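Enquirer: Handing over model.cif, mmCIF, C-alpha atoms and all ligand atoms.
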```cif
data_model
#
loop_
_atom_site.label_atom_id
_atom_site.label_comp_id
_atom_site.auth_asym_id
_atom_site.auth_seq_id
_atom_site.Cartn_x
_atom_site.Cartn_y
_atom_site.Cartn_z
CA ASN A 1 160.93 219.87 -76.84
CA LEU A 2 158.20 221.86 -75.08
CA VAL A 3 159.71 225.22 -76.14
CA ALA A 4 159.28 224.10 -79.79
CA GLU A 5 155.62 223.03 -79.56
CA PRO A 6 154.06 226.47 -80.20
CA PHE A 7 156.28 226.80 -83.32
CA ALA A 8 155.16 223.37 -84.54
CA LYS A 9 151.50 224.31 -84.05
CA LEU A 10 152.11 227.61 -85.86
CA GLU A 11 153.76 226.03 -88.94
CA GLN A 12 151.10 223.30 -89.07
CA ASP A 13 148.31 225.93 -89.16
CA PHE A 14 150.36 227.83 -91.76
CA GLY A 15 150.72 224.69 -93.87
CA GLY A 16 154.50 224.71 -94.22
CA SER A 17 157.84 225.09 -92.45
CA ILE A 18 159.00 227.95 -90.22
CA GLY A 19 162.60 228.52 -89.20
CA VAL A 20 163.54 230.74 -86.28
CA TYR A 21 166.75 231.72 -84.52
CA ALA A 22 166.98 234.48 -81.93
CA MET A 23 169.81 235.55 -79.67
CA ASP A 24 169.81 237.89 -76.70
CA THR A 25 173.27 239.47 -76.87
CA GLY A 26 173.11 240.44 -73.17
CA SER A 27 172.41 237.01 -71.66
CA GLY A 28 173.51 234.71 -74.50
CA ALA A 29 170.04 233.10 -74.36
CA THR A 30 168.75 231.69 -77.63
CA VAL A 31 165.54 230.33 -79.19
CA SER A 32 165.84 227.84 -82.02
CA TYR A 33 163.29 226.18 -84.30
CA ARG A 34 164.47 224.51 -87.52
CA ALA A 35 167.29 227.00 -87.02
CA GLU A 36 169.81 225.12 -89.16
CA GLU A 37 167.55 224.23 -92.10
CA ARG A 38 167.92 226.06 -95.40
CA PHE A 39 165.32 228.58 -96.55
CA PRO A 40 165.40 230.77 -99.69
CA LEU A 41 166.89 234.22 -99.00
CA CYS A 42 164.59 235.98 -101.50
CA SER A 43 165.11 239.77 -101.15
CA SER A 44 166.67 239.37 -97.69
CA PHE A 45 170.06 238.96 -99.40
CA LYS A 46 169.88 242.74 -100.11
CA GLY A 47 170.84 243.56 -96.50
CA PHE A 48 174.02 241.48 -96.69
CA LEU A 49 174.62 242.96 -100.15
CA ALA A 50 174.67 246.48 -98.67
CA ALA A 51 177.04 245.29 -95.90
CA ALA A 52 179.43 243.85 -98.51
CA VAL A 53 179.40 247.17 -100.41
CA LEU A 54 180.13 249.02 -97.16
CA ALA A 55 183.08 246.69 -96.50
CA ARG A 56 184.50 247.50 -99.96
CA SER A 57 183.95 251.23 -99.37
CA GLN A 58 186.42 251.08 -96.46
CA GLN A 59 189.25 250.32 -98.94
CA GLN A 60 188.08 252.29 -102.01
CA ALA A 61 188.13 256.07 -101.44
CA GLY A 62 184.85 257.79 -102.25
CA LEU A 63 183.18 254.55 -103.35
CA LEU A 64 179.91 255.18 -101.50
CA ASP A 65 179.79 258.75 -102.89
CA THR A 66 180.36 257.59 -106.48
CA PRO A 67 177.53 258.42 -108.94
CA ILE A 68 176.30 255.50 -111.01
CA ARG A 69 174.74 256.67 -114.28
CA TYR A 70 172.91 253.43 -115.10
CA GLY A 71 170.76 253.04 -118.22
CA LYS A 72 167.28 251.59 -118.76
CA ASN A 73 169.06 248.23 -119.47
CA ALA A 74 169.74 248.02 -115.72
CA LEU A 75 166.04 248.24 -114.78
CA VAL A 76 164.00 245.25 -113.51
CA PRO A 77 160.34 244.96 -112.41
CA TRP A 78 159.74 246.58 -108.98
CA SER A 79 162.63 249.03 -109.06
CA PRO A 80 160.62 252.09 -107.98
CA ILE A 81 163.61 254.07 -106.72
CA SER A 82 165.90 253.19 -109.64
CA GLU A 83 163.18 254.11 -112.18
CA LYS A 84 162.51 257.43 -110.36
CA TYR A 85 166.20 258.34 -110.46
CA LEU A 86 166.98 256.97 -113.94
CA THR A 87 167.36 260.47 -115.42
CA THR A 88 169.42 261.64 -112.39
CA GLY A 89 171.74 258.68 -111.57
CA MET A 90 172.29 257.42 -107.98
CA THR A 91 175.32 257.19 -105.72
CA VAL A 92 176.45 253.77 -104.46
CA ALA A 93 175.10 254.82 -101.01
CA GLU A 94 171.75 255.74 -102.54
CA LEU A 95 171.56 252.42 -104.41
CA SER A 96 172.35 250.55 -101.18
CA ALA A 97 169.63 252.43 -99.29
CA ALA A 98 167.17 251.70 -102.14
CA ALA A 99 168.01 248.00 -102.08
CA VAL A 100 167.68 247.80 -98.30
CA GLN A 101 164.73 250.12 -97.57
CA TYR A 102 162.56 249.56 -100.68
CA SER A 103 163.85 246.17 -101.83
CA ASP A 104 164.66 247.89 -105.15
CA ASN A 105 165.61 245.16 -107.65
CA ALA A 106 167.68 247.12 -110.19
CA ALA A 107 169.65 248.76 -107.35
CA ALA A 108 170.40 245.27 -105.95
CA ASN A 109 171.64 243.99 -109.36
CA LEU A 110 173.78 247.12 -109.88
CA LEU A 111 175.44 246.56 -106.50
CA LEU A 112 175.87 242.83 -107.14
CA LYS A 113 177.74 243.77 -110.36
CA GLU A 114 180.09 245.95 -108.27
CA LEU A 115 180.92 242.95 -106.03
CA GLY A 116 181.52 240.59 -108.94
CA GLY A 117 178.06 239.02 -108.95
CA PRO A 118 176.40 236.54 -106.58
CA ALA A 119 179.76 234.73 -106.19
CA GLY A 120 181.30 238.00 -104.96
CA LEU A 121 178.63 238.40 -102.28
CA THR A 122 179.04 234.76 -101.26
CA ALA A 123 182.82 235.33 -100.97
CA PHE A 124 182.21 238.29 -98.66
CA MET A 125 179.96 236.17 -96.43
CA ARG A 126 182.68 233.47 -96.29
CA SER A 127 185.18 236.21 -95.26
CA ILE A 128 183.18 236.93 -92.08
CA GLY A 129 182.94 233.20 -91.26
CA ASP A 130 179.53 232.36 -92.71
CA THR A 131 179.90 228.96 -94.42
CA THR A 132 176.12 228.54 -94.93
CA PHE A 133 175.00 231.52 -97.02
CA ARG A 134 174.96 231.08 -100.78
CA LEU A 135 173.77 233.48 -103.45
CA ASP A 136 173.84 231.98 -106.93
CA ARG A 137 171.52 234.11 -109.07
CA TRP A 138 170.43 237.69 -109.70
CA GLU A 139 167.05 239.42 -109.39
CA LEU A 140 164.50 238.16 -110.33
CA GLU A 141 165.57 234.53 -110.88
CA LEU A 142 166.80 234.07 -107.28
CA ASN A 143 163.14 234.04 -106.09
CA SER A 144 162.17 230.63 -107.56
CA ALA A 145 162.24 229.01 -104.09
CA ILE A 146 161.99 225.47 -105.48
CA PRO A 147 161.67 222.92 -102.66
CA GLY A 148 164.97 221.06 -102.25
CA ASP A 149 166.94 223.63 -104.27
CA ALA A 150 169.93 224.89 -102.24
CA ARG A 151 170.58 227.87 -104.53
CA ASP A 152 170.11 231.31 -102.96
CA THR A 153 169.52 229.96 -99.44
CA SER A 154 170.80 230.27 -95.92
CA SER A 155 169.69 229.18 -92.45
CA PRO A 156 167.96 231.29 -89.76
CA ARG A 157 170.96 230.64 -87.48
CA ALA A 158 173.60 231.68 -90.07
CA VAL A 159 171.55 234.75 -91.05
CA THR A 160 171.33 235.76 -87.35
CA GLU A 161 175.05 235.11 -86.66
CA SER A 162 176.14 237.10 -89.70
CA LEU A 163 173.69 239.92 -88.96
CA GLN A 164 175.15 240.13 -85.42
CA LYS A 165 178.75 240.28 -86.71
CA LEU A 166 177.91 243.10 -89.17
CA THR A 167 175.59 245.25 -87.02
CA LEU A 168 176.99 244.71 -83.50
CA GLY A 169 180.41 243.05 -83.96
CA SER A 170 183.65 244.07 -85.67
CA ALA A 171 183.13 242.77 -89.25
CA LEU A 172 182.71 246.36 -90.50
CA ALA A 173 184.64 249.48 -89.48
CA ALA A 174 182.58 251.60 -87.04
CA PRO A 175 181.27 254.25 -89.49
CA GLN A 176 180.27 251.48 -91.92
CA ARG A 177 178.60 249.41 -89.17
CA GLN A 178 176.55 252.50 -88.28
CA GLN A 179 175.52 253.12 -91.91
CA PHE A 180 174.34 249.50 -92.16
CA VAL A 181 172.32 249.81 -88.94
CA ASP A 182 170.82 253.11 -90.10
CA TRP A 183 169.73 251.60 -93.43
CA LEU A 184 168.09 248.68 -91.62
CA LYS A 185 166.36 251.04 -89.17
CA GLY A 186 164.91 253.02 -92.12
CA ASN A 187 163.43 249.98 -93.84
CA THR A 188 159.89 250.68 -95.16
CA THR A 189 158.78 247.14 -96.07
CA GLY A 190 158.73 245.30 -92.72
CA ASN A 191 155.94 246.91 -90.70
CA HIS A 192 153.84 243.71 -90.56
CA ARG A 193 156.66 241.26 -89.81
CA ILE A 194 159.21 241.34 -86.92
CA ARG A 195 158.33 245.03 -86.23
CA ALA A 196 154.71 243.95 -85.51
CA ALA A 197 156.03 241.65 -82.75
CA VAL A 198 158.12 244.25 -80.90
CA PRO A 199 156.87 246.71 -78.24
CA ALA A 200 156.35 250.11 -79.86
CA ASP A 201 159.13 251.87 -77.88
CA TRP A 202 161.95 249.52 -79.02
CA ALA A 203 164.09 250.47 -82.03
CA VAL A 204 164.18 247.93 -84.87
CA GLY A 205 166.29 247.47 -88.00
CA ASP A 206 165.14 244.79 -90.46
CA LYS A 207 165.28 243.44 -94.00
CA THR A 208 162.36 241.47 -95.51
CA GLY A 209 162.43 238.81 -98.23
CA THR A 210 159.43 237.73 -100.28
CA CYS A 211 159.72 234.98 -102.91
CA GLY A 212 155.91 234.70 -103.08
CA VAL A 213 155.94 231.20 -104.58
CA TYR A 214 155.98 228.16 -102.26
CA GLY A 215 154.72 230.17 -99.26
CA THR A 216 158.22 231.62 -99.03
CA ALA A 217 158.94 234.87 -97.16
CA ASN A 218 161.10 236.03 -94.29
CA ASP A 219 162.52 238.84 -92.18
CA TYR A 220 165.58 239.39 -90.02
CA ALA A 221 166.14 242.12 -87.49
CA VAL A 222 168.24 243.71 -84.79
CA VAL A 223 166.00 244.89 -81.95
CA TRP A 224 167.06 247.32 -79.20
CA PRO A 225 164.90 246.92 -76.09
CA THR A 226 164.93 250.05 -73.90
CA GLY A 227 168.01 249.99 -71.63
CA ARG A 228 169.00 246.39 -72.51
CA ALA A 229 171.46 244.62 -74.83
CA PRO A 230 170.11 244.11 -78.37
CA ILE A 231 168.40 241.01 -79.68
CA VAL A 232 169.17 239.59 -83.14
CA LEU A 233 166.68 237.27 -84.85
CA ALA A 234 165.64 235.69 -88.13
CA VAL A 235 162.28 234.22 -89.16
CA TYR A 236 161.99 232.31 -92.47
CA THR A 237 159.10 230.39 -94.03
CA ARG A 238 158.48 228.02 -96.92
CA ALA A 239 155.79 225.57 -98.03
CA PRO A 240 155.56 222.53 -100.34
CA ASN A 241 153.22 223.81 -103.13
CA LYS A 242 153.97 226.54 -105.72
CA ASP A 243 150.72 228.41 -105.06
CA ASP A 244 151.01 228.19 -101.26
CA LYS A 245 150.73 231.75 -99.92
CA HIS A 246 153.25 233.34 -97.58
CA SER A 247 151.95 235.03 -94.44
CA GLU A 248 153.23 238.13 -92.68
CA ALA A 249 151.07 237.33 -89.64
CA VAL A 250 152.82 233.97 -89.28
CA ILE A 251 156.21 235.73 -89.39
CA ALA A 252 155.11 238.22 -86.71
CA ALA A 253 153.65 235.39 -84.56
CA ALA A 254 156.91 233.39 -84.75
CA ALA A 255 158.85 236.54 -83.80
CA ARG A 256 156.62 237.04 -80.73
CA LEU A 257 157.24 233.46 -79.57
CA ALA A 258 160.99 233.99 -80.08
CA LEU A 259 161.02 237.13 -77.91
CA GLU A 260 158.89 235.37 -75.28
CA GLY A 261 161.19 232.33 -75.20
CA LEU A 262 164.35 234.33 -74.50
CA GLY A 263 166.07 234.55 -71.11
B1 LIG A 301 162.76 239.88 -103.31
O1 LIG A 301 163.80 239.15 -104.13
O2 LIG A 301 161.96 239.19 -102.23
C1 LIG A 301 161.70 240.66 -104.23
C2 LIG A 301 161.08 241.79 -103.70
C3 LIG A 301 160.14 242.52 -104.44
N1 LIG A 301 159.50 243.75 -103.82
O3 LIG A 301 158.82 244.51 -104.50
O4 LIG A 301 159.67 243.98 -102.64
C4 LIG A 301 159.82 242.10 -105.74
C5 LIG A 301 160.43 240.98 -106.28
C6 LIG A 301 161.38 240.26 -105.53
#
```
How would this structure read if it were set down as structure tokens?

Expert:
Amino acid sequence: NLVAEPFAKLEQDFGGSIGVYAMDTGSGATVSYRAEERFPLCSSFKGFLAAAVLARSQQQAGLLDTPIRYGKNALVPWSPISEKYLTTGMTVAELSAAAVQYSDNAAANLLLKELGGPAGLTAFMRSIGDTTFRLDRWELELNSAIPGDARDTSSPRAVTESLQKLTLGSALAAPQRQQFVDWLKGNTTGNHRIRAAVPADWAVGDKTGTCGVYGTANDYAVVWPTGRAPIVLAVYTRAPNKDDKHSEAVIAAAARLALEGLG
């Protein structure tokens, strides 16, 4: 597999495993490397979380506008938006934007509670035809990224296929699809990952995940090249040792090879 060789060299230099799946929605061309292996979701589940909330909001009038007056008991390390708005409260929309664009942990747990926990989010993903995704735990425990542990994992392919359905397909009603896309486009945490691999004039929406341990980090994105059909892709990493470091540069490099390999 000559197409795969640059990915193999990249993961070998990295000292771990890289998983990549990219699809050009105009041509149907794909690029695949370890595309069907499981990788920890880490914070990347927060994108799909927001999508599941949006789906619910279609059936529950004023859900996204509803103020949540959470207490300090809801707060978790690295919840900068939720801590800032503790004395104000936040709407469901605002919590979703915080989870997506700042990877806010408390906001993510608050929204998970609304869906009936990790099982509720998993059930939503099953409803759109994703049989791979599983979320089992809450923030921060879901980040353990233990090699061989299937909890809180998906595959680059399933992540890409689900992202396509939600952002470009018919899984959400149109206004809700647009809100999801807009939240992804406003992400603040991904500037050194897939965004670093894309020509500066192309629009990008992404969600990052960073477990930290076991060299485990990731990003998925929808990319709109000027005047062409969008591309959807996912890049996930992991490594065998607890103190192995993740690398944003490796994620960006894998993204570049994916865009180059497309037809
Ligand atoms: B997540 O579960 O990768 C995650 C993200 C952050 N963050 O500050 O972005 C902290 C802890 C877990």

Enquirer: For ligand LIG 301 (chain A), return the neighbouring residues as a VMD selection string (distance at most 6 Å; all atoms listed in the file).

Expert: chain A and resid 42 to 43 78 103 143 209 to 211

Enquirer: Residues as selected, C-alpha atoms, written as a PDB file, keeping the file's coordinate frame, can you do that?

Expert:
```pdb
ATOM      1  CA  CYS A  42     164.590 235.980-101.500  1.00  0.00           C
ATOM      2  CA  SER A  43     165.110 239.770-101.150  1.00  0.00           C
ATOM      3  CA  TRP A  78     159.740 246.580-108.980  1.00  0.00           C
ATOM      4  CA  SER A 103     163.850 246.170-101.830  1.00  0.00           C
ATOM      5  CA  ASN A 143     163.140 234.040-106.090  1.00  0.00           C
ATOM      6  CA  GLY A 209     162.430 238.810 -98.230  1.00  0.00           C
ATOM      7  CA  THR A 210     159.430 237.730-100.280  1.00  0.00           C
ATOM      8  CA  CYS A 211     159.720 234.980-102.910  1.00  0.00           C
TER       9      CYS A 211
END
```

Enquirer: Can you tell me which residues surround region 80-90 of chain A at a distance of at most 7 Å, considering all atoms listed in the file, apart from same-chain residues fewer than 3 positions away, and format the answer as a PyMOL selection string?

Expert: chain A and resi 67-71+94-95+98+104+106-107

Enquirer: Which of these, A:41, A:3, A:54, A:227, has the shortest distance to residue 175 (chain A) once you count all atoms listed in the file?

Expert: A:54

Enquirer: Calculated over all atoms listed in the file, which of the candidates A:16, A:40, A:47, A:230 has the smallest distance to residue 169 (chain A)?

Expert: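 Selected residue with least distance to residue 169 (chain A): A:230.
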
Enquirer: Can you tell me, as a count of residues only, what residues are no more than 10 Å from residue 135 (chain A) when counting all atoms listed in the file, ignoring any on the same chain fewer than 5 positions away?

Expert: 18

Enquirer: At what distance in Å, to one decimal, does CA of residue 196 (chain A) lie from CA of residue 212 (chain A)?

Expert: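 Straight-line distance from CA of residue 212 (chain A) to CA of residue 196 (chain A) works out to 19.9 Å.
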
Enquirer: Interatomic distance between CA of residue 186 (chain A) and CA of residue 101 (chain A)?

Expert: 6.2 Å

Enquirer: Using all atoms listed in the file, give me every residue within 10 Å of (159.7, 247.5, -91.0) in file coordinates, as JSON, numbers by chain.

Expert: {"A": [101, 184, 185, 186, 187, 188, 189, 190, 191, 192, 193, 194, 195, 196, 204, 205, 206, 207, 208, 219, 221]}

Enquirer: Using all atoms listed in the file, which of A:243, A:114, A:161, A:24 sits nearest residue 145 (chain A)?

Expert: A:243

Enquirer: Could you tell me how far CA of residue 109 (chain A) lies from CA of residue 156 (chain A), in Å and to one decimal?

Expert: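 It comes out at 23.6 Å.
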
Enquirer: Where's the centre, and what are the edge lengths in Å to one decimal, of a box along x, y and z enclosing all listed atoms of region 72-76 of chain A padded 3 Å per side, as lines of an AutoDock Vina configuration file?

Expert:
```
center_x = 166.9
center_y = 248.4
center_z = -116.5
size_x = 11.7
size_y = 12.3
size_z = 12.0
```

Enquirer: Of the residues A:177, A:126, A:72, A:34, which is the one nearest to residue 58 (chain A), using all atoms listed in the file?

Expert: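 So, comparing all the options, the nearest one is A:177.
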
Enquirer: Select, from A:228, A:217, A:247, A:163, the residue with the minimum atom-to-atom distance to residue 13 (chain A), counting all atoms listed in the file.

Expert: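 Going through A:228, A:217, A:247, A:163 one by one, the smallest distance to residue 13 (chain A) is for A:247.
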
Enquirer: Counting only C-alpha atoms, figure out which residue out of A:166, A:26, A:18, A:110 gets nearest to residue 73 (chain A).

Expert: A:110

Enquirer: Need to verify the contact set: residue 246 (chain A), 8 Å, only C-alpha atoms, exclusion of same-chain residues closer than 2 positions in sequence. Can you return it as a PyMOL selection string?

Expert: chain A and resi 212-217+237-238+244+248

Enquirer: Can I get the selected residues back with C-alpha atoms, as a PDB file, in the coordinates of the input?

Expert:
```
ATOM      1  CA  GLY A 212     155.910 234.700-103.080  1.00  0.00           C
ATOM      2  CA  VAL A 213     155.940 231.200-104.580  1.00  0.00           C
ATOM      3  CA  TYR A 214     155.980 228.160-102.260  1.00  0.00           C
ATOM      4  CA  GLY A 215     154.720 230.170 -99.260  1.00  0.00           C
ATOM      5  CA  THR A 216     158.220 231.620 -99.030  1.00  0.00           C
ATOM      6  CA  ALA A 217     158.940 234.870 -97.160  1.00  0.00           C
ATOM      7  CA  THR A 237     159.100 230.390 -94.030  1.00  0.00           C
ATOM      8  CA  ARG A 238     158.480 228.020 -96.920  1.00  0.00           C
ATOM      9  CA  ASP A 244     151.010 228.190-101.260  1.00  0.00           C
ATOM     10  CA  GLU A 248     153.230 238.130 -92.680  1.00  0.00           C
TER      11      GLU A 248
END
```

Enquirer: If we count only C-alpha atoms and set the cut-off at 12 Å, which residues sit around residue 258 (chain A), ignoring sequence neighbours fewer than 3 positions away in its own chain? Please answer as an MDAnalysis selection string.

Expert: chainID A and resid 3:4 6:7 18:24 29:33 35 194 197:198 231:235 251:255 261:263
